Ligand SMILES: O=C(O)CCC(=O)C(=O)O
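In the block that follows, a single chain appears as C-alpha cells, in the form deposited without the ligand.
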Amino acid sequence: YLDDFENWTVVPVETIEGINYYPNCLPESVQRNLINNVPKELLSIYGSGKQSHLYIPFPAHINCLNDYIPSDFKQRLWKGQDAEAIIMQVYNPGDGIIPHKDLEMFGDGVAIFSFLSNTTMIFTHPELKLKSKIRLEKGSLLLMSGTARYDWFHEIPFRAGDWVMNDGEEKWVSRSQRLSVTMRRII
C-alpha cells in the first residue's frame, strides 16, 4: 500500500498459500448472542471504532467461537489447543488498518471472525509487486497462516465504501459498522 501501483498485478487470493476463507461459518444465532453481550460502549457509532483485549478465561458468547475454527488448523498450528488471546475491534465507516504483518509474539495461525457488515481486506507483497483482495462477509471466518501470515501484508483500506462486483455489475457498497474478533495464540 503506497499508491498508485502501476508496476503491480492483482491476483486471486487462491494464489496465496495459507488463506482459508469460510463464508457463512457462524450461524445467525451465534452472531446475535455475541453482539448482544459485547459492552454497549464498544459499539458506539460515533467517531473511531473502539477496541477490547480479552484473555482466558473467555465468557461463553466468545469462547464458543473456538468451536468453529477447523480442527485440522488447530492441530497443525496451535498444538491442538484453543485460542489464548483475543482482540475485538469495531470499525465505523472510514476506519481501517494500515498494512502490517501480525506480531511475531503470536506465532503461526490467526483466526478472524467477522460480524455486523461486510468489508474488503487487501493483501500486499512489495517484493513480488502483487496485490490481492478478499471480501470478508458478516459471519465469515478468515484463517491466515504460513505464506499469507509471514510473506504478505494485510490491511483494511480507510474508506466509507468498497467497489464490489456481483453478477457482472460493479457497485459502490457503503460500509456499515463492523466488528471483528481476532483469535491468536502466544509463542
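Numbering starts at 1 and runs along the sequence shown.
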| item | value |
| --- | --- |
| Stretch with the higher entry mean CA B-factor, where the candidates are 123-131 and 41-49 | 41-49 |
| Mean Cα B-factor comparison, 98-106 or 113-121, giving the higher one as deposited | 98-106 |
| Options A60, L136, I56, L143 - largest CA temperature factor per the record | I56 |
| Within-chain third of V11 by Cα B-factor, per the entry | lowest |
| Position of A160 among the chain's modelled residues by C-alpha B-factor, lowest, middle or highest third | highest |
| For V173, the third of its chain into which the C-alpha B factor falls | highest |
| Relative C-alpha B-factor of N33, binned into the chain's lowest, middle or highest third | lowest |
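As for the form solved in complex with the ligand, it is not shown, yet the points below apply to it.
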{"item": "Non-hydrogen atom within 4.5 angstroms of the ligand in the deposited complex for each of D102, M121 and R178", "value": "yes"}
{"item": "Heavy atom of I62 within 4.5 Å of the ligand in the deposited complex", "value": "no"}
{"item": "The ligand contact in the deposited complex: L116, any heavy atom under 4.5 Å", "value": "no"}
{"item": "Close approach of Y91 to the ligand in the deposited complex, 4.5 Å, heavy atom", "value": "yes"}
{"item": "Touches the ligand in the deposited complex: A83 (any heavy atom, 4.5 Å)", "value": "no"}
{"item": "Answer range among 127-135, 28-36, 66-74, 148-156 for contact with the ligand, defined in the deposited complex as heavy atoms within 4.5 Å", "value": "148-156"}
{"item": "Neighbours of the ligand in the deposited complex among 65-87 [non-hydrogen atom within 4.5 angstroms]", "value": "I87"}
